Amino acid sequence: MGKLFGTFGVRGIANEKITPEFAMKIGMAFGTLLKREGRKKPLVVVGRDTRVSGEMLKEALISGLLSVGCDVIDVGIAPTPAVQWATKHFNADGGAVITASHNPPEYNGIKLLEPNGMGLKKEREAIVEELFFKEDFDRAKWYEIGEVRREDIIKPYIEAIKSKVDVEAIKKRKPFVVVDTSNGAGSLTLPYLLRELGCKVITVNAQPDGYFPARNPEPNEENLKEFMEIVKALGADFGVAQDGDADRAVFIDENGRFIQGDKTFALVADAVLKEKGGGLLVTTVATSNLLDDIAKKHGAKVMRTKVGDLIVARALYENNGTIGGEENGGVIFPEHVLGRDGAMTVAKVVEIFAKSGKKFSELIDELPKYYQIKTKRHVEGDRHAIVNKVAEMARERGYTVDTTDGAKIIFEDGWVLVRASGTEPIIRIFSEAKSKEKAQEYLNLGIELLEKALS
Ligand SMILES: [Mg+2]
């Protein structure tokens with residue numbers, strides 16, 4: 001995936017690409033990097049999700065770390081954001097999460113973390129890859145081999161989230177929430193957090209089980225078809241579903257309607273920015289203008305970064321941003337953890353709901369309305385130079401083009417984005433407007449320029 005790592009960690013099938021030797025070498029390379037950066041005895045936090053191959057890979061990874069002189073805190077099974085939270089909490093020099101997130105049961109992987117818990121920086125990850133391939137490890141002398149201890153972080157993590165919201169307000173309202181944790185790591189946290197916040201809680205698939213009996217742990221609309229019906233059948237105020245490692249949270253309103261991630265992101269940013277009375281919202285060039293509206297509303301600045309994992313988190317961190325998020329939501333609360341944390345998002349949404357005196361559907365529908373369309377066209381060759389041409393033309397034709405990440409034709413009412421995938425031979429086309437008509441027009445405008453660029 002870039003020789004070793006992908007956008008945020010590496011994954012593959014357990015015992016094929018992701019073997020114990022693989023996990024052990026990753027631990028030895030990471031530990032060696034930590035020592036060469038100037039640490040005599042690094043402290044590394046290690047956690048994992050509910051996958052069946054997790055224990056075996058965790059032992060291999062930890063064995064590697066101890067062998068190169070690093071002390072280890074094994075936090076056991078916990079949501080990825082909890083492991084990131086714990087890395088910062090224990091003042092560790094780094095962290096590692098054994099997980100393949102939303103993938104089928106046979107998959108697993110590893111995510112490395114900075115001392116503050118955020119995804120490992122690319123420059124440091126480059127060194128880890130290099131040490132991994134060369135097997136250039138600084139093995140400890142016998143009397144410098146690291147030690148490992150276990151820490152249970154479930155209660156501390158839940159308490160850290162609760163301290164961030166108005167629990168009395170929530171208990172007063174007593175929202176009725178249904179939650180599906182997809183047999184994942186969130187099974188150990190979200191149901192308990194919701195009850196402690198003061199909610200009436202019903203759960204679906206909340207028994208931790210790496211076999212993922214309910215379904216592959218990916219909360220897309222297709223997979224939640226039954227869950228949505230259950231939300232409506234129970235007459236709950238709303239429903240929430242998480243992916244396997246629980247970094248994501250997907251919301252369903254009282255009518256069983258699947259809510260788009262950017263809407264709950266807007267809902268949370270609105271409350272957060274109002275609280276600070278301004279600040280800085282960080283998101284990508286592909287996120288809805290709805291977020292610009294929320295930011296303006298509170299006099300907050302907006303930063304639009306390229307699309308991709310860790311980019312928003314890194315920008316939030318480097319610019320002391322207030323709140324961050326992306327196209328599909330994935331809200332990042334800087335004061336909590338510099339990483340997407342669906343449990344924190346749910347807590348904040350529960351608080352907003354409890355204070356609104358409205359129905360979940362109303363909170364969503366009351367937000368500025370926008371319409372968007374998407375398309376993907378197969379393109380080979382210098383797929384990227386093709387997008388550059390679309391930009392030139394657009395500009396030549398009098399169009400305002402933003403080339404932060406691809407070709408984004410900017411209108412007053414909306415926009416059109418022509419961006420080339422960084423992995424697959426595709427050059428997707430996204431559009432948004434305040435009406436289906438304009439969205440369609442803008443979309444076609446993009447397709448038009450694309451084709452003439454391909455001829
Ligand atoms: Mg995930």
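Note that ligands are numbered from 1 as they come in the structure, with each ligand's atoms numbered from 1 the same way. By convention here, the first residue in the shown sequence is residue 1. Just so you know, these numbers use all the heavy atoms, side chains as well, and skip hydrogens, waters and symmetry mates.
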Original post:
Can you list every ring pair (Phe, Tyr, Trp, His ring centres under 6.0 Å) pair that touches residues 195-227, not counting sequence neighbours?
Top reply: none

**OP:** With 2.8 Å as the limit, jot down which protein N, O or S atoms are around the Mg ion (ligand 1).
**Re:** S101 OG, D243 OD2, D245 OD1, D247 OD1

Subject >> CD/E335: more than 12 non-hydrogen atoms of other groups inside 6.0 Å >> reply: no

Original post:
If you count the non-hydrogen atoms of other residues, nucleotides and ligands that lie under 6.0 Å from NZ in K225, is the total more than 12?
Top reply: no

**OP:** Test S187 against every option in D180, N205, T181, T50 by the side-chain hydrogen bond (donor to acceptor under 3.5 Å, both in side chains) rule and name the one that passes.
**Re:** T181

Original post:
How are the rings of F238 and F353 set relative to one another: parallel (under 30°), tilted (30 to 60°) or perpendicular (over 60°)?
Top reply: perpendicular

**OP:** Check each of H102, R215, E218 against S182 using the side-chain contact (heavy atoms from CB on, under 4.5 Å) test, and report the only one that passes.
**Re:** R215

